[PDB]
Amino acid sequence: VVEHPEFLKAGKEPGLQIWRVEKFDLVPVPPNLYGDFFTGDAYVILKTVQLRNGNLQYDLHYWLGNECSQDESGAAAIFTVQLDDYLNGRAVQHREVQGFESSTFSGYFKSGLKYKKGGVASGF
């Protein structure tokens, strides 16, 4: 389970990658929007860190908006598992619920976490 183009880009360099679940697919979030999340949507976030020994460390977070649809939150969970598998299981997985996110997750965004009304339509 590797041929997905976004899997091929995941975790190659230190940094922050955010995808939104859109109609049962993983779609990159425009970087200008990083830190702002639609309450109607679910997202997958991969934080990649360069270790002292040169290896890479991975934290996968799936973020669930208060109004996201069941297909979106279920897909975010499943894509998280599949991305971890593609990273040979070395990612630590984190469930993030709107308004109750971990301090680690909020710390990824210099401007802090903000939410917006709306979102992409359900696949259901």
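Start at 1 with the first residue shown and count on from there.
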message = Tell me whether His94 turns out to be unmodelled in at least a third of the other entries of this protein, restricted to those that model residues on both sides.
response = no
key: Coordinates lacking for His61, a third or more of other entries   = no
request  = Taking the mean of the C-alpha B-factors per stretch from the entry, tell me the winner out of 7-15 and 112-120.
outcome  = 7-15
ask   = 33-41 versus 49-57: which one carries the higher mean Cα B factor per the record?
value = 49-57
inquiry  = Comparing recorded Cα B-factors across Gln98, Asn88, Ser69, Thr80, which one is largest?
reply    = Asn88
